[PDB]
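[1] Take these chains first, placed just as they are in the complex:
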Amino acid sequence: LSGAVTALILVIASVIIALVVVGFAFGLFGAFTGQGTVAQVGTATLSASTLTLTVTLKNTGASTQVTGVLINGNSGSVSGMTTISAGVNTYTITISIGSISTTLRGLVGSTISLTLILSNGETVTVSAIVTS
Amino acid sequence: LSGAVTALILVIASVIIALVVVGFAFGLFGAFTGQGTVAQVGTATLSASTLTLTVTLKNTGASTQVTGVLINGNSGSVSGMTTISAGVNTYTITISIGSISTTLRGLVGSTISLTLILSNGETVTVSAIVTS
Amino acid sequence: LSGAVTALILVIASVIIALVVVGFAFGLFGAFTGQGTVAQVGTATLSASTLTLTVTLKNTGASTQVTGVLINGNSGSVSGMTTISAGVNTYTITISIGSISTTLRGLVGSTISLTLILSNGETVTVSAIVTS
Amino acid sequence: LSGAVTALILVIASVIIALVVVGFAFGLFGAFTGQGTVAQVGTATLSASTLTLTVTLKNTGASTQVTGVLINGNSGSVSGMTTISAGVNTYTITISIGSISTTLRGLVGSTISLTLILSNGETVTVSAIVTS
């Protein structure tokens, strides 16, 4: 008599745990699909004199914050417009690095490769032209 | 004399309980087999202008209700053809999100990732092409 | 003489009472063997729109009624085809609960667990599929 | 003097009743050992056009019948070869559902999961391939 009731209790507990696991697995699918992506879609303009970067970055997911920016050398924080809206938009971003200041004078008119770190863990690689 | 009648009473009651448990266990097998699954079989199309989603879903179970949808930004409700029939069918679904409206204009011709919230605790990842 | 008559009377009375007890025990054996067994042998289809439960029940003993049904929130009375015949049959039952009404539309296509309350004290656990 | 005869009568009745209980327990053991076990051994073929199932079922127990079969949408009755012989044999079953017919044509070449409903309180979960 004691065995069967325990069997039913164990069956119910196993069903409950299985349903929780399945629900969490589907939640992972949804969350990972909706995490958010950012990638370059067109050539970006970078102002060498003022260290201002104008970039066009698409977003097919949730809003993402631009935590940091890095170059082939030193990496510096963003000055303005940290937030990235969903969809394709034109962003005005100022880069403030002590070492990079007054070092792009000779490179005006030639392409430069940059990386835009994102808060959600994604990484953005952009190629841009620099102008005075 | 009391011990034997007690033993037979307990045996009969325990047999009844065990049969009930076995029957419920088999009912669980049937219910989980027939719970119903949904998966995509081809490229879908998401209209950019009217936020109209055209998608084909393969169902191998009971009719399911599409309670919600998820897009790049906020989760939104669906307002057309919620019911999902059995077999293979083509659906036309309208999405109602105020904020994400008109953002799809920039992304015409690209590829997008969707999620269709289903009633039976299931999220179906969907791939669609954004068209205007 | 006085002792002998008393001994004879006592022996006869003891034989009578022992026979009565044995007959009662055997009647108990028969009644408990034939008290009635109820179990579910197939997937139950539960409707959320009209709150109607379709179930299959096997009975190898006495016929029994369904006094009530216990669902997620609270026990509710049954209003259709309470009587359970012998053998294997299909019973269609209408459940009337005001409080739990209009909650099951979110569960269409999922699986639900509900318990039947029978007249003879036995509780039959049932696994069912929610459909609209 | 009645005490001794009462004790002897009670001992005899207890012995008979305990023997009955033990015999019933062992008979129940034998019956449930030979109750009838059915499982699949090879992939089943389901014909979308004719709704014919070419399934091979292993039976390690007593003979049992197919009361019904449930498919994605609605459970339906079976037409031929309901009786299942002991041992592994190939069976042909015709499935009749009102609306399910002609819906599986889009599923040709895919995989479908269905469960049969046997007589001995058992549901057999069968994997299947739809065929043209």
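    Now that the structure is in, tell me what you want to look at. Residues are numbered from 1 along each chain as shown, chains lettered A, B, ... in the order given.
[2] Only the buried residues of stretch A:95-113, if you could.
    Neighbour-count burial for stretch A:95-113 flags A:95, A:97, A:100, A:104, A:112 (criterion: 16 or more other Cβ atoms under 10 Å in any protein chain shown). C-betas here are computed from N, CA, C, even on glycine.
[3] Endpoints of it, how far apart?
    Using Cα to Cα, to the nearest Å, the end-to-end distance of stretch A:95-113 comes to 14 Å.
[4] Show me what it is in contact with.
    The contact list for stretch A:95-113 (Cβ atoms under 8 Å, 6 or more residues apart in numbering or on different chains) reads A:46, A:48, A:51-53, A:69, A:71-79, A:125-132.
[5] dump the residue contacts of residue A:42.
    By Cβ under 8 Å, 6+ apart, residue A:42 lies in contact with residue A:56.
[6] quick one: it is in a strand?
    No. Checked against DSSP: H, G, I helix; E, B strand; the rest coil, residue A:42 lies outside a strand; its state is coil.
[7] tell me, how many neighbours does residue A:28 end up with?
    Here the number of neighbours of residue A:28 (other Cβ atoms under 10 Å in any protein chain shown) works out to 11.
[8] quick one, the strand or helix carrying it and helix B:2-33 angle?
    Following DSSP states H and E, one finds residue A:28 within helix A:2-33. Angle, helix A:2-33 to helix B:2-33, by axes from the mean of the first three to the mean of the last three Cα atoms, to 10 degrees: 20 degrees.
[9] quick one: the strands in chain A?
    For chain A, the strands defined by DSSP state E cover A:38-40, A:44-47, A:52-59, A:64-65, A:68-70, A:75-76, A:83-84, A:89-94, A:111-117, A:123-131.
[10] got the CA coordinates for the last one in PDB?
    Once side chains and other backbone atoms are set aside, the C-alpha atoms of strand A:123-131 remain, and they are given as PDB (Å, rounded to 0.1, in the frame of the first residue of the first chain):
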ATOM      1  CA  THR A 123      31.300  42.900 -30.700                       C
ATOM      2  CA  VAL A 124      31.000  45.200 -33.600                       C
ATOM      3  CA  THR A 125      33.800  45.600 -36.200                       C
ATOM      4  CA  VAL A 126      33.600  48.600 -38.500                       C
ATOM      5  CA  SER A 127      35.700  50.000 -41.300                       C
ATOM      6  CA  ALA A 128      35.600  53.700 -41.800                       C
ATOM      7  CA  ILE A 129      37.100  56.600 -43.700                       C
ATOM      8  CA  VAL A 130      38.700  59.400 -41.700                       C
ATOM      9  CA  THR A 131      38.400  63.100 -42.700                       C
END
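[11] put chain E onto that model:
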Amino acid sequence: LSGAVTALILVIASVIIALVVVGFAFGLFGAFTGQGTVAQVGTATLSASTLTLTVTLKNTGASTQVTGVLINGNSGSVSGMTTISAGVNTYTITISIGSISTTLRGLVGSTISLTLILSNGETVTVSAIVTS
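    Take a look at chain E, now in place beside the chains above:
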């Protein structure tokens, strides 16, 4: 003569106790089945700045309170809308915890995993998207 009377009394007492045990065992079936199954059915949403929790939860049982919540390592209390009704409905919960404050700005737009601790002892794990 007293032996038969004692045997009868013991038989009746054994019957009463056995019926009580059977009734208790059958009542425990509903008592455990009705405790409810709680599991996520769709991706949740968490606001980093306001630290307010939006989640969708499915319940197949009685109302269950959320005693505490833990996200990374620490357990915090919930502010409002503690009670969880039966069925699938959206839940808005304000989360109060000192450690999380000023930390989630890094994880904007990134998937996170958190668990809600319920009153009935059942635990639910949730996958959620952190939003600004």
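[12] since we added chain E, can you redo the neighbour count of residue A:28?
    Neighbours of residue A:28 (other Cβ under 10 Å): 16.
[13] one step back: buried residues of the helix holding residue A:28, list them for me.
    Buried residues in helix A:2-33, counting neighbours by 16+ other Cβ under 10 Å, are found at A:4-5, A:8, A:12, A:15-16, A:19-20, A:22-24, A:26-31, A:33.
[14] centre of the chain versus that helix, how much separation?
    34 Å (Cα atoms, centre = their mean, to the nearest Å).
[15] tell me the angle it makes with strand E:123-131.
    Using the same axes, to 10 degrees, helix A:2-33 lies at 10 degrees relative to strand E:123-131.
[16] Could you see whether chain E lies near helix A:2-33?
    Yes. Contact of helix A:2-33 with chain E (Cβ under 8 Å from any Cβ of the partner chain) involves A:5, A:8-9, A:12, A:15-16, A:19-20, A:22-24, A:26-28, A:30-32.
[17] Can you name the residues that contact whatever residue of chain A ends up closest to chain C?
    Proximity to chain C, evaluated over chain A using Cβ to the nearest Cβ, is greatest for residue A:8 at 7.0 Å. By Cβ under 8 Å, 6+ apart, the contact list for residue A:8 reads B:17, B:20, B:21, B:24, C:125, E:29, E:32.
[18] Pull the contacting residues for the fourth one.
    Looking back up the chat, that one is residue B:24. Shown in contact with residue B:24 (Cβ under 8 Å, 6+ apart): A:8, A:11, C:39, C:40, C:125, C:126, C:127.
[19] mind giving me JSON lines with those and columns for distance to residue E:85?
    Listed next are the contacts of residue B:24 as JSON lines, based on distance: Cβ to Cβ, whole Å:
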{"residue": "A:8", "distance to residue E:85": "26"}
{"residue": "A:11", "distance to residue E:85": "26"}
{"residue": "C:39", "distance to residue E:85": "32"}
{"residue": "C:40", "distance to residue E:85": "28"}
{"residue": "C:125", "distance to residue E:85": "23"}
{"residue": "C:126", "distance to residue E:85": "23"}
{"residue": "C:127", "distance to residue E:85": "23"}
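[20] Just the buried residues of those residues.
    Applying 16+ other Cβ under 10 Å to those, the neighbour count classes A:8, C:39, C:40, C:125, C:126, C:127 as buried.
[21] Please name the nearest non-neighbouring residue to residue A:118.
    Nearest residue to residue A:118 in three dimensions, chain neighbours excluded: residue A:64, at 4.9 Å (Cβ to Cβ, 6 or more residues apart in numbering or on different chains).
[22] beta partners of that neighbour?
    residue A:84 (DSSP bridges).
[23] Kindly incorporate the sequence below as chain F:
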Amino acid sequence: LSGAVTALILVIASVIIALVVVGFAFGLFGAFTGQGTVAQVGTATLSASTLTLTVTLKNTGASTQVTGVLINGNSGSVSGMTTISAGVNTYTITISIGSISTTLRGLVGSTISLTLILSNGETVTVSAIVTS
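    The block that follows adds chain F to the chains above:
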């Protein structure tokens, strides 16, 4: 004087009968202690082609013969090594059923469960491998 003789006669008769009953109860104890124990101890090999069974049994009671053997559907009398000695020892048994012949060819290399009806009212559950 008349009463004392009857009292003496009744006392002596009651003592004699009580001694008889006590001795009979002790005889029941001794006889039921060594009624016979038979339980399978090792894996049994069943020959498919000739339908020959090879099982190992453990005996702790008096020698008991095998009345018959029950198989999935048919019950047939044994033909070899009916007698079971006390202790653990291998037995070779030939089963005689007309229909079982050639039926077990499919299950070569598979497990099967059989029952051996014994003379002393005991049914022994047996697990065996069908090897050709």
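[24] back to the neighbour count of residue A:28, now that we've got chain F?
    Residue A:28 is flanked by 16 other residues according to other Cβ under 10 Å.
[25] you'd agree it is up against residue E:127?
    Yes. Residue A:28 is in contact with residue E:127 according to Cβ atoms under 8 Å; the separation is 5.0 Å.
[26] which residues are in contact with both of those two?
    With Cβ under 8 Å, 6+ apart as the test, residue A:28 and residue E:127 both reach residue E:111.
[27] Pick out the residue nearest the middle of chain A.
    residue A:118 (3.3 Å; Cα atoms, centre = their mean).
[28] My read is that it contacts residue A:66, right?
    Yes. Between residue A:118 and residue A:66 there is a contact under Cβ under 8 Å: 6.5 Å.
[29] Identify the contacts common to these two.
    Applying Cβ under 8 Å, 6+ apart, one finds that residue A:118 and residue A:66 are jointly contacted by residue A:84.
[30] so does stretch A:29-36 get close to chain B?
    Yes. Stretch A:29-36 is in contact with chain B by Cβ under 8 Å from any Cβ, via A:29, A:30, A:33, A:34, A:36.
[31] Then stretch A:120-132?
    No. On the criterion Cβ under 8 Å from any Cβ, stretch A:120-132 is out of touch with chain B, staying 12.8 Å away.
[32] how about that stretch: buried residues?
    Within stretch A:120-132, the residues scored as buried using 16+ other Cβ under 10 Å are A:120, A:122, A:124, A:126, A:128, A:130.
[33] next one: stretch A:48-60
    Within stretch A:48-60, the residues scored as buried using 16+ other Cβ under 10 Å are A:48, A:51, A:53, A:55, A:56, A:57, A:58, A:59, A:60.
[34] Repeat that for stretch A:70-77.
    Using 16+ other Cβ under 10 Å as the test for burial, stretch A:70-77 gives A:71, A:76.
[35] what's in contact with it?
    Applying Cβ under 8 Å, 6+ apart, the contact partners of stretch A:70-77 are A:68-69, A:95-100, A:112-115, A:117.
[36] Give me the neighbour count for residue A:46.
    The burial count for residue A:46: 23, using other Cβ under 10 Å.
[37] which residues does it contact?
    Counted by Cβ under 8 Å, 6+ apart, residue A:46 has contacts A:52, A:53, A:54, A:112, A:114, A:128, A:129, A:130, A:131.
[38] If we use 7 Å, what do you get?
    With contacts defined as Cβ atoms under 7 Å, 6 or more residues apart in numbering or on different chains, residue A:46 is in contact with A:53, A:112, A:128, A:130.
[39] Likewise for residue A:12?
    The contact partners of residue A:12, by Cβ under 7 Å, 6+ apart, come to E:32, E:33.
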